[PDB]
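Trainee: To start, I am sharing the structure in question, which I have written as structure tokens.
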Amino acid sequence: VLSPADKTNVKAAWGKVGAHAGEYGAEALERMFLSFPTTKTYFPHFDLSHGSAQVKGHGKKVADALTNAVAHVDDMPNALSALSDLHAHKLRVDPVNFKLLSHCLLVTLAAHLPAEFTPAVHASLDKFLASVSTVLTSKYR
Amino acid sequence: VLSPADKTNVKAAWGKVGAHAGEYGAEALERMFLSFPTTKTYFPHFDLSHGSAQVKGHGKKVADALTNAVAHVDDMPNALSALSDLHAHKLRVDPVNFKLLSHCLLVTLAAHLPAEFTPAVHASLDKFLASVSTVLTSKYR
Amino acid sequence: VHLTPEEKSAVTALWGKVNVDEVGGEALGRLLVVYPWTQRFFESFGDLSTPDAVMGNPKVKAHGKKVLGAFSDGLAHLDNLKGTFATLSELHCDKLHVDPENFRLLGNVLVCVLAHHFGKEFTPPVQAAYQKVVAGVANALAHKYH
Amino acid sequence: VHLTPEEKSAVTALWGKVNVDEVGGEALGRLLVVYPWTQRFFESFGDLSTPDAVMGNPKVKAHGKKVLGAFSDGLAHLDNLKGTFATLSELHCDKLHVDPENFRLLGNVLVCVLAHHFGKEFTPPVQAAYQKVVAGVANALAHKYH
Ligand code: HEM
Ligand code: HEM
Ligand code: HEM
Ligand code: HEM
């Protein structure tokens with residue numbers, strides 16, 4: 001599952017991404033909006049535009065929820081609940097879309113964080129987010 | 001998640017599939033082996049042949065583990081553990097392969113069980129097996 | 001495609017045993033019930049909240065006829081499976097932006113429904129051939145994500 | 001493909017800044033570490049059990065050179081992306097039977113690695129173009145499941 005030591009590569013890779021989590025969670029919306037245009041469908045009320053203050057304002061939100069997960073990770077179920085009813089009850093996001101933000105998020109740790117982004121850590125971050133999206137998709141299953 | 005009432009459509013759809021679970025779990029290997037030839041890769045030691053006693057003998061096994069899950073469903077983690085280390089530690093099954101047995105299994109409840117296979121139940125069986133494969137794939141994540 | 005003379009025929013021969021107008025939609029029905037996000041795209045459409053109110057949407061029964069519609073144009077035009085569909089893919093892809101794997105859920109459930117209705121005669125070599133058309137019709141509508 | 005004059009160029013211009021022989025394999029390395037089932041197919045290969053013993057498999061470093069190999073034949077033959085690859089797809093598909101979505105994990109991680117190495121200059125409109133080649137190289141090797 002998410003083992004003793006994956007829960008350490010993430011407590012730590014996020015450790016150092018700090019004061020920035022918000023510029024990062026918005027650099028990764030930008031990247032998902034640009035590369036997989038098919039996700040634009042949901043932010044019809046966003047300037048999915050590049051300086052856009054809405055996407056900048058939402059990075060802060062995706063990044064605030066990533067962190068509550070990094071903290072509370074031995075129990076995502078509980079903490080991420082209302083983002084797992086909103087995403088799955090109120091908005092109906094096709095779950096293949098979590099795979100892809102999941103990936104732009106990592107193309108972002110990657111591009112802002114090179115020495116801490118070792119291969120073992122590239123696996124734990126990935127294991128971490130494959131778990132955020134399983135929680136995010138569960139009123140589903 | 002797997003709600004009060006999905007756990008009832010499965011306790012019941014399996015209820016009636018009984019004395020047969022074994023002819024069924026082997027009709028569904030046959031179907032996955034035939035339609036998605038790319039799974040043959042793992043049963044190199046099987047006559048993935050049609051009367052084949054090995055595939056008939058394994059239906060019994062896939063069907064024996066489906067049932068322990070149907071019973072113990074409020075806690076798959078625990079019961080399905082050693083099938084979730086064997087599948088993921090010892091054998092390394094690409095997890096896209098659970099999606100597909102998952103589907104042949106349902107093309108099978110379907111073809112042997114028409115009146116109980118209502119649309120609400122077609123959803124619970126699917127929700128049930130999307131959970132067996134999440135448990136089956138977890139040393140992964 | 002390819003369909004081997006002998007796949008070609010188990011396929012061609014289940015199909016005209018097929019009540020289109022009421023299969024077209026046991027299928028679209030079942031897709032918005034089993035796979036809900038798909039609902040996002042049919043709000044032009046009705047109460048879609050409890051399973052009974054879909055399978056009896058005269059509106060979900062109607063669009064589904066259009067769609068057994070084009071499996072038909074495919075089940076036999078298997079030769080460009082690619083060009084019978086240019087317009088719909090233009091339609092489904094750069095118009096509604098359905099992600100391409102909702103294309104496989106649909107042919108996939110269509111098979112659960114071909115099986116639900118013909119029971120024992122959907123032997124497996126006979127399903128195996130439908131996973132091929134289907135995976136074909138789906139590689140076709142998706143051809144504009146390139 | 002398509003690559004718009006202007007995608008074409010952000011792409012063509014990261015690539016020869018690209019140390020193939022040692023990217024080819026930070027990528028195959030990272031694939032057997034992040035996505036393990038892929039290991040099943042390289043037991044012709046060595047100790048692949050702790051991450052350090054892969055990224056320094058002279059044998060995982062070697063096959064990976066072959067493979068930045070054919071992104072190269074693609075990164076520019078983007079015109080049949082489809083025929084530069086017939087043989088390898090014959091190879092990958094009806095020979096080893098790699099399921100086609102392990103094709104996307106690989107171009108996907110290749111991008112994590114294009115990004116890890118060029119940092120800030122893998123702007124996003126510049127990644128967006130690589131998800132296109134990649135999704136292209138992957139629709140190509142998979143073309144025999146039809
Ligand atoms: C890492 C995975 C994700 C996390 C952690 C996440 C988190 C969040 C949070 C915290 C909010 C707002 C919370 C609140 O206001 O109560 C939100 C809103 C939203 N998310 Fe996500 N999200 C994720 C993935 C996705 C994906 C893949 C999509 C694809 C459509 C998506 C679409 C949306 C939309 C449309 C909104 C509402 C936007 C608005 O109307 O303001 N999210 N998300
Ligand atoms: C519903 C999901 C599945 C269940 C419940 C299941 C269950 C089982 C069980 C109980 C066994 C033997 C248990 C034992 O001997 O201790 C087994 C063996 C095996 N399973 Fe699965 N399985 C599932 C899906 C799959 C899939 C998708 C594959 C694809 C390769 C697969 C491949 C195998 C193989 C290769 C073996 C060992 C065969 C042998 O060497 O004898 N299983 N499975
Ligand atoms: C075999 C796969 C599919 C086929 C053959 C198909 C075919 C069609 C056809 C023929 C139409 C109407 C075209 C016309 O009347 O001119 C249509 C409309 C539509 N389909 Fe699909 N479809 C498929 C899969 C899907 C999927 C997976 C979705 C996802 C929800 C979807 C969503 C829609 C929507 C929303 C419309 C409304 C048309 C519009 O408002 O422009 N379809 N489809
Ligand atoms: C961009 C995607 C990929 C490309 C371009 C690619 C390319 C290649 C090439 C060029 C070779 C050697 C061909 C030769 O020397 O003649 C090869 C071999 C191989 N590849 Fe791939 N590959 C890709 C993805 C994958 C994936 C996802 C897997 C899954 C594990 C895989 C497994 C293998 C294996 C096992 C071999 C050994 C060759 C053999 O023993 O016949 N490859 N690949």
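Chain labels follow the order of the structure tokens: the first chain is A, the next B, and so on; residue numbering restarts at 1 in every chain, and ligands are counted from 1 in their shown order.
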Would you list the contacts of residue 121 (chain D) as a PyMOL selection string, taking every protein, DNA or RNA residue within 12 Å and counting only C-alpha atoms, but skipping same-chain residues closer than 3 positions in sequence?
Mentor: (chain A and resi 108+111-112) or (chain D and resi 10-11+13-14+17+114-118+124-127)
Trainee: Can you tell me which residues sit at most 7 Å away from ligand 2, counting only C-alpha atoms and all ligand atoms, written as a PyMOL selection string?
Mentor: chain B and resi 39+42-43+61-62+64-66+82-83+87+91+93+97-98+100-102+129+132-133
Trainee: Would you please work out which residue, of D:129, D:135, D:48, D:59, is nearest to residue 6 (chain D) when using only C-alpha atoms?
Mentor: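 For residue 6 (chain D), the nearest of the candidates is D:129.
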Trainee: Compile the residues of chain D that lie within 12 Å of chain C, evaluated using only C-alpha atoms, and express the compilation as a CSV table (one decimal) with C-alpha atoms, in the first residue's frame.
Mentor:
```
chain,number,residue,atom,x,y,z
D,1,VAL,CA,0.6,14.3,-36.1
D,2,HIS,CA,0.3,18.0,-37.1
D,3,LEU,CA,2.6,19.9,-34.8
D,78,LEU,CA,6.2,12.8,-37.8
D,79,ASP,CA,4.5,12.1,-41.1
D,80,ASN,CA,3.6,8.4,-40.9
D,81,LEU,CA,4.7,8.2,-37.3
D,82,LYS,CA,2.7,5.2,-38.5
D,101,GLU,CA,-1.1,1.7,-22.3
D,129,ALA,CA,3.6,19.7,-27.8
D,131,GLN,CA,2.3,15.0,-25.1
D,132,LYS,CA,1.3,15.2,-28.8
D,133,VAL,CA,4.4,13.6,-30.3
D,134,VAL,CA,4.3,11.0,-27.6
D,135,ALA,CA,0.6,10.2,-27.8
D,136,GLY,CA,1.5,9.9,-31.5
D,137,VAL,CA,4.4,7.5,-31.1
D,138,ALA,CA,2.1,5.5,-28.9
D,139,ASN,CA,-0.9,5.3,-31.3
D,140,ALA,CA,1.7,4.1,-33.8
D,142,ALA,CA,-0.1,0.0,-30.9
D,143,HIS,CA,-1.5,-0.1,-34.5
D,144,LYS,CA,-1.6,-3.9,-34.7
D,145,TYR,CA,-4.2,-4.6,-32.0
D,146,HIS,CA,-6.6,-3.9,-34.8
```
Trainee: Around ligand 4, at most 10 Å away and counting only C-alpha atoms and all ligand atoms, which residues are there? Put them as an NGL selection string, please.
Mentor: (:B and (94)) or (:D and (28 or 31-32 or 35-45 or 63-74 or 85 or 87-89 or 91-93 or 95-108 or 110 or 134-142))
Trainee: Take the residues that were just selected and, keeping C-alpha atoms, output them as an mmCIF file, in the first residue's frame.
Mentor:
```
data_model
loop_
_atom_site.group_PDB
_atom_site.id
_atom_site.type_symbol
_atom_site.label_atom_id
_atom_site.label_comp_id
_atom_site.auth_asym_id
_atom_site.auth_seq_id
_atom_site.Cartn_x
_atom_site.Cartn_y
_atom_site.Cartn_z
ATOM 1 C CA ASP B 94 -0.333 -5.289 -15.368
ATOM 2 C CA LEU D 28 13.505 2.966 -18.942
ATOM 3 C CA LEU D 31 9.615 2.930 -15.710
ATOM 4 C CA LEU D 32 10.548 -0.370 -14.066
ATOM 5 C CA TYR D 35 5.602 0.879 -12.856
ATOM 6 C CA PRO D 36 6.833 -2.586 -11.888
ATOM 7 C CA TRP D 37 4.820 -5.061 -13.943
ATOM 8 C CA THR D 38 7.029 -3.831 -16.780
ATOM 9 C CA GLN D 39 9.774 -5.821 -15.062
ATOM 10 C CA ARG D 40 8.117 -9.056 -16.150
ATOM 11 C CA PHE D 41 9.566 -8.282 -19.592
ATOM 12 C CA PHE D 42 13.202 -7.592 -18.751
ATOM 13 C CA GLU D 43 14.234 -10.625 -16.691
ATOM 14 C CA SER D 44 16.501 -11.427 -19.644
ATOM 15 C CA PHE D 45 17.996 -8.654 -17.541
ATOM 16 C CA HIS D 63 18.431 -0.739 -24.286
ATOM 17 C CA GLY D 64 17.348 2.816 -23.475
ATOM 18 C CA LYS D 65 19.745 4.192 -26.047
ATOM 19 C CA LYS D 66 17.943 2.068 -28.647
ATOM 20 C CA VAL D 67 14.808 3.806 -27.501
ATOM 21 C CA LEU D 68 15.532 7.528 -27.436
ATOM 22 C CA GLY D 69 16.594 5.747 -30.620
ATOM 23 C CA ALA D 70 13.175 5.594 -32.171
ATOM 24 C CA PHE D 71 11.601 8.750 -30.638
ATOM 25 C CA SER D 72 14.349 10.215 -32.801
ATOM 26 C CA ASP D 73 13.180 8.388 -35.923
ATOM 27 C CA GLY D 74 9.808 9.824 -34.898
ATOM 28 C CA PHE D 85 7.060 1.855 -36.637
ATOM 29 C CA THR D 87 8.158 -3.547 -37.384
ATOM 30 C CA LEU D 88 8.542 -2.562 -33.730
ATOM 31 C CA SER D 89 4.783 -2.662 -33.244
ATOM 32 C CA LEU D 91 7.513 -6.559 -32.337
ATOM 33 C CA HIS D 92 5.934 -5.067 -29.253
ATOM 34 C CA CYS D 93 2.431 -6.307 -30.041
ATOM 35 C CA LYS D 95 5.633 -10.838 -30.081
ATOM 36 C CA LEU D 96 5.906 -9.712 -26.459
ATOM 37 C CA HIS D 97 2.267 -8.674 -26.141
ATOM 38 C CA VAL D 98 2.883 -5.475 -24.192
ATOM 39 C CA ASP D 99 -0.564 -4.028 -23.548
ATOM 40 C CA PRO D 100 -0.832 -0.656 -25.285
ATOM 41 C CA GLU D 101 -1.132 1.651 -22.277
ATOM 42 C CA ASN D 102 2.347 0.720 -21.090
ATOM 43 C CA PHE D 103 3.090 2.638 -24.286
ATOM 44 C CA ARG D 104 1.709 5.774 -22.704
ATOM 45 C CA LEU D 105 3.306 5.294 -19.306
ATOM 46 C CA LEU D 106 6.629 5.289 -21.139
ATOM 47 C CA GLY D 107 6.341 8.445 -23.230
ATOM 48 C CA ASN D 108 4.672 9.902 -20.138
ATOM 49 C CA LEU D 110 9.944 10.244 -20.740
ATOM 50 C CA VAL D 134 4.309 10.971 -27.561
ATOM 51 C CA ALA D 135 0.581 10.212 -27.781
ATOM 52 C CA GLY D 136 1.480 9.929 -31.459
ATOM 53 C CA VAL D 137 4.426 7.517 -31.115
ATOM 54 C CA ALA D 138 2.073 5.524 -28.921
ATOM 55 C CA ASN D 139 -0.889 5.325 -31.282
ATOM 56 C CA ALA D 140 1.741 4.087 -33.786
ATOM 57 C CA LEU D 141 3.310 1.095 -31.985
ATOM 58 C CA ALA D 142 -0.094 0.035 -30.922
#
```
Trainee: List the neighbours of residue 89 (chain A) out to 8 Å using only C-alpha atoms; skip same-chain residues closer than 4 positions along the sequence, and give me the result as a PDB file with N, CA, C and O atoms, in the first residue's frame.
Mentor:
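Heads up, here's the output in selection06.pdb:
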```pdb
ATOM      1  N   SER A  84     -14.357  14.908  -2.227  1.00  0.00           N
ATOM      2  CA  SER A  84     -14.665  13.606  -2.819  1.00  0.00           C
ATOM      3  C   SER A  84     -16.171  13.356  -2.854  1.00  0.00           C
ATOM      4  O   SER A  84     -16.640  12.213  -2.695  1.00  0.00           O
ATOM      5  N   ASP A  85     -16.911  14.429  -3.052  1.00  0.00           N
ATOM      6  CA  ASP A  85     -18.386  14.334  -3.101  1.00  0.00           C
ATOM      7  C   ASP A  85     -18.587  15.455  -4.123  1.00  0.00           C
ATOM      8  O   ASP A  85     -19.404  15.338  -5.040  1.00  0.00           O
ATOM      9  N   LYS A 139     -17.074   7.646  -4.501  1.00  0.00           N
ATOM     10  CA  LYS A 139     -18.510   7.667  -4.204  1.00  0.00           C
ATOM     11  C   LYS A 139     -18.758   7.042  -5.574  1.00  0.00           C
ATOM     12  O   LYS A 139     -19.848   6.535  -5.856  1.00  0.00           O
TER      13      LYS A 139
END
```
Trainee: Could you list the residues in chain B lying within 7 Å of chain C, using only C-alpha atoms, and format the result as a PyMOL selection string?
Mentor: chain B and resi 31+34-35+106-107+110-112+114+119-120+123
Trainee: With a distance threshold of 9 Å and counting only C-alpha atoms, extract the residues of chain B near chain A and express them as a short mmCIF file (atom, residue, chain, number, x, y, z; two decimals) with N, CA and C atoms, in the first residue's frame.
Mentor:
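What follows is the written file iface_13.cif:
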```cif
data_model
loop_
_atom_site.label_atom_id
_atom_site.label_comp_id
_atom_site.auth_asym_id
_atom_site.auth_seq_id
_atom_site.Cartn_x
_atom_site.Cartn_y
_atom_site.Cartn_z
N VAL B 1 -18.81 5.12 -1.68
CA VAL B 1 -17.92 4.02 -1.66
C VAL B 1 -18.84 2.86 -2.05
N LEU B 2 -18.63 1.73 -1.41
CA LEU B 2 -19.44 0.58 -1.66
C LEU B 2 -20.64 0.51 -0.71
N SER B 3 -21.57 1.42 -0.90
CA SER B 3 -22.74 1.42 -0.01
C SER B 3 -23.78 0.42 0.49
N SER B 124 -23.70 -2.32 -9.36
CA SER B 124 -23.15 -2.77 -8.09
C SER B 124 -22.10 -3.88 -8.27
N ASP B 126 -20.32 -4.15 -10.86
CA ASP B 126 -19.20 -3.37 -11.37
C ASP B 126 -18.45 -2.57 -10.29
N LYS B 127 -19.21 -2.13 -9.31
CA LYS B 127 -18.63 -1.35 -8.21
C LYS B 127 -17.92 -2.35 -7.30
N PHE B 128 -18.47 -3.54 -7.23
CA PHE B 128 -17.90 -4.59 -6.39
C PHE B 128 -16.52 -5.04 -6.90
N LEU B 129 -16.45 -5.28 -8.19
CA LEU B 129 -15.20 -5.73 -8.81
C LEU B 129 -14.12 -4.67 -9.07
N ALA B 130 -14.52 -3.42 -8.99
CA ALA B 130 -13.64 -2.31 -9.21
C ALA B 130 -12.94 -2.19 -7.85
N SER B 131 -13.51 -2.85 -6.87
CA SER B 131 -12.95 -2.81 -5.50
C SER B 131 -12.07 -4.03 -5.20
N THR B 134 -8.80 -3.11 -6.85
CA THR B 134 -8.12 -1.96 -6.24
C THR B 134 -7.35 -2.65 -5.12
N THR B 137 -4.49 -4.66 -6.56
CA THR B 137 -3.41 -3.88 -7.08
C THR B 137 -2.60 -2.97 -6.14
N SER B 138 -2.98 -2.98 -4.88
CA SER B 138 -2.34 -2.16 -3.82
C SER B 138 -0.98 -2.15 -3.14
N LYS B 139 -0.15 -3.11 -3.50
CA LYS B 139 1.19 -3.21 -2.90
C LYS B 139 1.72 -2.38 -4.07
N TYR B 140 0.90 -2.28 -5.11
CA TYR B 140 1.26 -1.51 -6.28
C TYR B 140 1.26 -0.07 -5.78
N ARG B 141 0.11 0.57 -5.89
CA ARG B 141 -0.01 1.97 -5.46
C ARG B 141 0.81 1.96 -4.17
#
```
Trainee: Enter the distance from atom 34 (C, counted along the ligand's line) of ligand 1 to CA of residue 10 (chain A), in Å, rounded to one decimal.
Mentor: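 Taking atom 34 (C, counted along the ligand's line) of ligand 1 as the start and CA of residue 10 (chain A) as the end point, the length is 24.4 Å.
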Trainee: Grab the CA of residue 59 (chain B) to CA of residue 32 (chain B) distance for me, in Å with one decimal place.
Mentor: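 Atom-to-atom, CA of residue 59 (chain B) and CA of residue 32 (chain B) are spaced 12.1 Å apart.
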Trainee: Pick out the residues sitting within 9 Å of residue 116 (chain A), and hand them over as a PyMOL selection string; count only C-alpha atoms, and ignore anything fewer than 2 positions along from it in its own chain.
Mentor: chain A and resi 12-13+16+110+113-114+118+121
Trainee: In Å, with one decimal, what is the gap from CA of residue 74 (chain B) to CA of residue 8 (chain B)?
Mentor: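 Between these atoms lies a distance of 11.6 Å.
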Trainee: I want to know what sits within 12 Å of residue 54 (chain A), based on only C-alpha atoms, with residues of the same chain fewer than 4 positions away left out; could you give that as a VMD selection string?
Mentor: chain A and resid 26 29 to 30 43 to 50 58 to 61
Trainee: Put those residues in a file: N, CA and C atoms, as a PDB file, in the first residue's frame.
Mentor:
```pdb
ATOM      1  N   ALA A  26      -0.655  25.670  -9.631  1.00  0.00           N
ATOM      2  CA  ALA A  26      -1.258  26.482 -10.703  1.00  0.00           C
ATOM      3  C   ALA A  26      -0.440  26.420 -11.990  1.00  0.00           C
ATOM      4  N   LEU A  29      -2.032  23.297 -13.608  1.00  0.00           N
ATOM      5  CA  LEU A  29      -3.431  23.339 -14.061  1.00  0.00           C
ATOM      6  C   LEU A  29      -3.023  23.779 -15.464  1.00  0.00           C
ATOM      7  N   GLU A  30      -2.309  24.891 -15.528  1.00  0.00           N
ATOM      8  CA  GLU A  30      -1.860  25.431 -16.818  1.00  0.00           C
ATOM      9  C   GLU A  30      -1.397  24.336 -17.774  1.00  0.00           C
ATOM     10  N   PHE A  43     -13.876  24.112 -16.626  1.00  0.00           N
ATOM     11  CA  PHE A  43     -13.521  25.504 -16.131  1.00  0.00           C
ATOM     12  C   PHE A  43     -13.905  26.406 -17.313  1.00  0.00           C
ATOM     13  N   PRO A  44     -15.188  26.417 -17.615  1.00  0.00           N
ATOM     14  CA  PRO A  44     -15.742  27.322 -18.663  1.00  0.00           C
ATOM     15  C   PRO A  44     -15.794  28.754 -18.131  1.00  0.00           C
ATOM     16  N   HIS A  45     -15.673  28.882 -16.824  1.00  0.00           N
ATOM     17  CA  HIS A  45     -15.718  30.114 -16.136  1.00  0.00           C
ATOM     18  C   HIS A  45     -14.331  30.582 -15.713  1.00  0.00           C
ATOM     19  N   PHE A  46     -13.326  29.992 -16.315  1.00  0.00           N
ATOM     20  CA  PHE A  46     -11.880  30.390 -16.114  1.00  0.00           C
ATOM     21  C   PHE A  46     -11.303  31.024 -17.382  1.00  0.00           C
ATOM     22  N   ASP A  47     -10.197  31.723 -17.204  1.00  0.00           N
ATOM     23  CA  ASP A  47      -9.468  32.587 -18.559  1.00  0.00           C
ATOM     24  C   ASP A  47      -8.650  31.373 -18.141  1.00  0.00           C
ATOM     25  N   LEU A  48      -8.440  30.470 -19.079  1.00  0.00           N
ATOM     26  CA  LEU A  48      -7.671  29.226 -18.831  1.00  0.00           C
ATOM     27  C   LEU A  48      -6.455  29.879 -19.502  1.00  0.00           C
ATOM     28  N   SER A  49      -6.328  31.182 -19.302  1.00  0.00           N
ATOM     29  CA  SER A  49      -5.373  31.993 -19.910  1.00  0.00           C
ATOM     30  C   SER A  49      -4.170  31.990 -18.970  1.00  0.00           C
ATOM     31  N   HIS A  50      -3.002  32.160 -19.543  1.00  0.00           N
ATOM     32  CA  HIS A  50      -1.747  32.237 -18.764  1.00  0.00           C
ATOM     33  C   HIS A  50      -1.235  33.040 -17.562  1.00  0.00           C
ATOM     34  N   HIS A  58      -6.615  29.084  -8.037  1.00  0.00           N
ATOM     35  CA  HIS A  58      -7.022  27.696  -7.820  1.00  0.00           C
ATOM     36  C   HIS A  58      -5.833  26.763  -7.552  1.00  0.00           C
ATOM     37  N   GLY A  59      -4.660  27.239  -7.889  1.00  0.00           N
ATOM     38  CA  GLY A  59      -3.419  26.452  -7.704  1.00  0.00           C
ATOM     39  C   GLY A  59      -3.402  26.405  -6.171  1.00  0.00           C
ATOM     40  N   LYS A  60      -3.608  27.567  -5.577  1.00  0.00           N
ATOM     41  CA  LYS A  60      -3.608  27.674  -4.155  1.00  0.00           C
ATOM     42  C   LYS A  60      -4.533  26.654  -3.481  1.00  0.00           C
ATOM     43  N   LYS A  61      -5.655  26.391  -4.131  1.00  0.00           N
ATOM     44  CA  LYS A  61      -6.635  25.427  -3.640  1.00  0.00           C
ATOM     45  C   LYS A  61      -6.349  23.945  -3.848  1.00  0.00           C
TER      46      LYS A  61
END
```
